[PDB]
Protein chains: 4
Amino acid sequence: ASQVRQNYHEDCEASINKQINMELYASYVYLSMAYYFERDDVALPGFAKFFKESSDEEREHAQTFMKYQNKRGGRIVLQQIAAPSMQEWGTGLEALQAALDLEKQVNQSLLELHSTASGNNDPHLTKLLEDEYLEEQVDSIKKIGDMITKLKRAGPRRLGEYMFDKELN
Amino acid sequence: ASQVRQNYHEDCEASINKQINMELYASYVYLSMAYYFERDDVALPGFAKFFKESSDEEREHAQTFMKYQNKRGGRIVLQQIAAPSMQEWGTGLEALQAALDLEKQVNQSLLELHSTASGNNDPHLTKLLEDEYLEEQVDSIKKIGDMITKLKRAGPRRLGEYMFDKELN
Amino acid sequence: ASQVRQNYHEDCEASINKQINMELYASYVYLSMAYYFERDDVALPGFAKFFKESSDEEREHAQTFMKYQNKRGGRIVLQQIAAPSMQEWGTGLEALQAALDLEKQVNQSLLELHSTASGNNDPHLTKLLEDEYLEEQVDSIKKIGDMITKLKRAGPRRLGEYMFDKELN
Amino acid sequence: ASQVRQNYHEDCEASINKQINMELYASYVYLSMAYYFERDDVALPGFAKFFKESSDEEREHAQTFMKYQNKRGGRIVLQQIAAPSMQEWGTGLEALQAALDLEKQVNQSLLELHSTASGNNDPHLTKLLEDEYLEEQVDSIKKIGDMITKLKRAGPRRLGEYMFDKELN
Ligand SMILES: [Cl-]
Ligand SMILES: [Cl-]
Ligand SMILES: [Cl-]
Ligand SMILES: [Cl-]
Ligand SMILES: [Cl-]
Ligand SMILES: [Cl-]
Ligand SMILES: [Cl-]
Ligand SMILES: [Cl-]
Ligand SMILES: [Cl-]
Ligand SMILES: [Cl-]
Ligand SMILES: [Cl-]
Ligand SMILES: [Cl-]
Ligand SMILES: [Cl-]
Ligand SMILES: [Cl-]
Ligand SMILES: [Cl-]
Ligand SMILES: [Cl-]
Ligand SMILES: [Cl-]
Ligand SMILES: [Cl-]
Ligand SMILES: [Cl-]
Ligand SMILES: [Cl-]
Ligand SMILES: [Cl-]
Ligand SMILES: [Cl-]
Ligand SMILES: [Cl-]
Ligand SMILES: [Cl-]
Ligand SMILES: [Cl-]
Ligand SMILES: [Cl-]
Ligand SMILES: [Cl-]
Ligand SMILES: [Cl-]
Ligand SMILES: [Cl-]
Ligand SMILES: [Cl-]
Ligand SMILES: [Cl-]
Ligand SMILES: [Cl-]
Ligand SMILES: [Cl-]
Ligand SMILES: [Cl-]
Ligand SMILES: [Cl-]
Ligand SMILES: [Cl-]
Ligand SMILES: [Cl-]
Ligand SMILES: [Cl-]
Ligand SMILES: [Cl-]
Ligand SMILES: [Cl-]
Ligand SMILES: [Fe+3]
Ligand SMILES: [Fe+3]
Ligand SMILES: [Fe+3]
Ligand SMILES: [Fe+3]
């Protein structure tokens, strides 16, 4: 084993490689959305900026897991990143709904990893998940939920969507 | 009696303890409204901020009466604070209407205390009420009335409510 | 359910509404103590300031739980806030002893909530409790214990109480 | 009558000349106390400073009434200022007790003047009394009451008096 490895179970190592792929995929989905909202026939720059920042944040999350794998003496194994589920994302509301569902899927995967880490008595990994992943995930879900409610109030199409988009820019 | 007490009638002392409870109750109502407007399915941050500031102001009013009781040599007697009348406050307009009615109930109680103080020839207490309570109460009632009119013009629901909420934030 | 709710058990939601009431009650107790120490026949401004800050901190704790309830998609339910157990709090030492006992009761309730959250496999809630509640609670208990010892050394009445009160101001 | 006089009753004018004498007398009492506390066999510089400031404040109050008399078109009539009741004022506590009683006598006289002004329907004079006299009088009485309680806790003689005197300096 690595000279640094201690109390680090192979199942946790493998699941971290899964989380890395998942968050690179989420980053790719959000990148797709970001540029979809910059099409000349869409032109929602607030939504575009929101999704570009979300894309960057998911990539940073994946990188934090890569750094963590090395810190514990595990070995990063990178897999193909699937194409985004869609090429076109519909209305602003539909993109936010897709984002909410994706964030809740990532949250479920992170909670499953926390359960794996807890079952293997790895408190360093449970702490990482609590502090660096689960908190930001809940905050993101609440933010997107709020956004959905606000956009449904404002619009969710036509002038209300135009005005809501300005709040994100 | 207290070594400081002078020209301070027991009925005024008791009524001040009533005003303290009333304004703590009003503070609690506004706290409830503040967090109602931060629910993910409500998401009106301007209304939330308006009610959080109103909650703080009512608590400060109660504290000023507690300080006043001690200044005159009366004795603070604290009672249970009732649960807010509602757990959910409806639309922004409905919450403002509830706030207007509550402010006018508090104003009526303060005017009754002023009449009690005047009838007991307590000019220190009539001055307190005029300067520290009755003025702010009338200003609050006018502000809320204005807000109701503006929100009815803008909306009072859908895009107009979304836009009005931004004026409060 | 709320569009944001995920891995949030009804028993945790209900217990959070309990913690909110408990900490609003504790805030009210400390507010009572604060103004008791500003009576003209008590006149302990250091104790008054200590309890006014404690009152503010407990209210902030309650508000953090209200925000948390909304973040997770639970629903805030506010109940009556009981009158403080006493209207007059005795000596400075007696008030500190009452505060120590109250802080340990709140700590026990928070530890019970942590056990509920752990049993329901809610690591977001266990992290909240550890970071935002249990640490400050232990620090408050140690501070009050220290204060009790110092006041017993200095006094706990007469000149020693007068001098100790200056250390808190 | 004076070219400025309007709605100014002779009884109010005469009572103001009384208040002027009373507050010059109170100023003289406090001046006596101030220098009593600077005797080499007393040597309480905090008490001395407290009474010198009190003396100045009472003289300023008298001067505000002199200015007021002229503002309304009344005529200042100055009388002899009696010698202070004592030449030696005893302990710090005894001087504070004498000050409390004097402040409450002045307060009673001011409240009687307010009743005279109210009965003569002079709202300019009732406002003067409320804003420039009755408020400061109640605050002074509460401060002295607090001081008495603190000094009784600390001492009121020997080391506690020595230490309390430092809080006033
Ligand atoms: Cl290796
Ligand atoms: Cl290992
Ligand atoms: Cl292993
Ligand atoms: Cl292991
Ligand atoms: Cl597509
Ligand atoms: Cl839509
Ligand atoms: Cl897993
Ligand atoms: Cl919709
Ligand atoms: Cl559209
Ligand atoms: Cl349409
Ligand atoms: Cl009493
Ligand atoms: Cl009285
Ligand atoms: Cl009475
Ligand atoms: Cl009376
Ligand atoms: Cl309800
Ligand atoms: Cl409505
Ligand atoms: Cl009344
Ligand atoms: Cl309407
Ligand atoms: Cl709406
Ligand atoms: Cl409609
Ligand atoms: Cl709900
Ligand atoms: Cl759930
Ligand atoms: Cl459940
Ligand atoms: Cl659950
Ligand atoms: Cl009691
Ligand atoms: Cl004691
Ligand atoms: Cl529990
Ligand atoms: Cl003891
Ligand atoms: Cl004592
Ligand atoms: Cl003793
Ligand atoms: Cl003349
Ligand atoms: Cl006249
Ligand atoms: Cl006349
Ligand atoms: Cl007249
Ligand atoms: Cl003498
Ligand atoms: Cl004495
Ligand atoms: Cl008179
Ligand atoms: Cl004594
Ligand atoms: Cl002595
Ligand atoms: Cl002795
Ligand atoms: Fe992520
Ligand atoms: Fe109020
Ligand atoms: Fe707490
Ligand atoms: Fe005066």
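Residues numbered from 1 in each chain as written, not as in the entry; some residues may be left out. Chains lettered and ligands numbered in written order. Part of a larger assembly, values for the part shown. Heavy atoms only, no water.

As recorded in the PDB header, X-ray crystallography is the method behind this entry, and the stated resolution is 1.3860 Å.

Per the PDB entry, chain A goes by the name Ferritin and belongs to Penaeus japonicus. Here is the UniProt Function (unreviewed entry) comment for chain A, exactly as written: "Stores iron in a soluble, non-toxic, readily available form. Important for iron homeostasis. Iron is taken up in the ferrous form and deposited as ferric hydroxides after oxidation." The UniProt entry for chain A carries the following comment under Sequence similarities (unreviewed entry): "Belongs to the ferritin family." (UniProt positions renumbered as here; feature names shortened; annotations may be inferred.)

Attention now moves to the overall build of chain A. The helix and strand inventory of chain A stands at five helices and zero strands. Element order for chain A, N to C, with α for helix and β for strand: α-α-α-α-α. Each principal axis of the C-alpha distribution contributes one length, and for chain A these read about 60 × 25 × 20 Å. A total of 169 residues make up chain A; the buried ones form 51% of that total. (Helix = DSSP H or I, 4+ residues; strand = E, 2+ residues; numbered from the N terminus. Buried < 20%, exposed > 50% of the residue type's maximum accessible area, 1.4 Å probe, protein only.)

What follows concerns the UniProt feature "binding site: Fe(3+) 1" (unreviewed entry) in chain A. Residue and element names in this part refer to chain A. In this structure's numbering, the residues bearing the UniProt feature "binding site: Fe(3+) 1" (unreviewed entry) are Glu23 and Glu58. What stands out for the annotated residues spanning 36 residues is how close their C-alpha atoms remain, the widest pair being 5.5 Å apart. Mapped onto the elements, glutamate 23 comes out in helix α1 (residues 10-36). Leaving out residues up to four positions away in the same chain, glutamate 23 has contacts with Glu58, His61, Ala62, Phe65, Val106, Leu110 and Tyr133. With respect to the helices, strands and loops of the structure, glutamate 58 is situated in helix α2 (residues 45-72). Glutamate 58 sits in the buried class, given a relative accessible area of 5%. (Contact = heavy atoms within 4.5 Å.)

Applying the stated criterion across every chain, the model contains 34 aromatic pairs over all chains. For the ring pair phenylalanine 50 of chain B and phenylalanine 51 of chain B, a centre distance of 5.1 Å and an interplane angle of 75° mean the geometry is edge-to-face. The buried category is assigned to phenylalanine 50 of chain B, whose relative accessible area is 9%. Each member of the aromatic cluster is reached from another via a ring pair, and the members are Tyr30, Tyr36, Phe37, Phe47, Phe50, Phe51 and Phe164 of chain A together with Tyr162 of chain B. (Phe/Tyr/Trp six-rings, centres within 6.5 Å; stacked < 30°, edge-to-face > 60°.)

Moving on to the relation of the copies chain C and chain D. Superposing chain C onto chain D requires a rotation of 90° together with a translation of 0.0 Å along the rotation axis, leaving an RMSD of 0.0 Å. Such a combination of turn and shift is consistent with a four-fold rotation axis. A distinct binding surface is used by each copy, with only 14% of the interface residues of chain C retained as interface residues in chain D. (Least-squares fit on C-alpha atoms.)

This paragraph deals with a negative patch on the surface. All names here are of chain B. Together, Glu53, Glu57, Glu60, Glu132, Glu135, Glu136 and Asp139 make up a negatively charged patch on the protein surface. Going through the elements one at a time, α2 (45-72) and α4 (123-154) are the ones with two or more residues in the negative patch. In terms of residues, the negative patch owes the most to one element, α4, which gives four residues. (Patch = residues over 30% accessible without salt bridge, like charges linked within 9 Å, V, L, I, M, F, W, Y side chains within 5 Å. Areas by Shrake-Rupley, 256 points an atom, 1.4 Å probe, with all protein chains shown as cover. Salt bridge = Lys/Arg side-chain N within 4 Å of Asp/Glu carboxyl O. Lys, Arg positive; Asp, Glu negative; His and termini not counted. Charge placed at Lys NZ, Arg CZ, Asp CG, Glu CD.)

A common measure of how large an interface is: the accessible area buried when the components associate. Facing 31 residues of chain B, the contacting portion of chain C comprises 31 residues. Overall, the association of chain B and chain C removes approximately 2,700 Å² of surface from exposure, summing both partners, and the carbon and sulfur fraction of that is 51%. It is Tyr35, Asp40 and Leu78 of chain B that lose the most area in chain B upon contact with chain C, and together they represent 23% of the buried surface on that side. Connecting chain B to chain C are four salt bridges. (Buried area = accessible area lost by both parts, 1.4 Å probe.)

Right, let's get into the nonpolar core. Counting 99 residues, the largest nonpolar core has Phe37 and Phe51 of chain B together with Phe37 and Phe51 of chain C as its most contacted members. When residues in this core are grouped by element, the largest group, 14 residues, is from helix α1 (residues 10-36) of chain C. Other than its neighbours up to four places away in sequence, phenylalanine 37 of chain C contacts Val42, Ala43, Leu44, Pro45, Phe47, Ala48, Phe51, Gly90, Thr91, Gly92 and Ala95 of chain C. Ranked by size, the runner-up nonpolar core spans 49 residues in total, among them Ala26, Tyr30, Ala95 and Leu100 of chain A. (Core = buried A, V, L, I, M, F, W, Y, C linked by side-chain atoms within 4.5 Å.)

Before going further, it helps to spend a moment on the relation of the copies chain B and chain C. After a rotation of 180° and a shift along the axis of 0.0 Å, chain B superposes on chain C with an RMSD of 0.0 Å. On the angle and the small slide along the axis, the relation comes out as a two-fold axis. The position closest to the rotation axis in chain B is occupied by the C-alpha of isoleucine 81 of chain B, lying 2.5 Å away.

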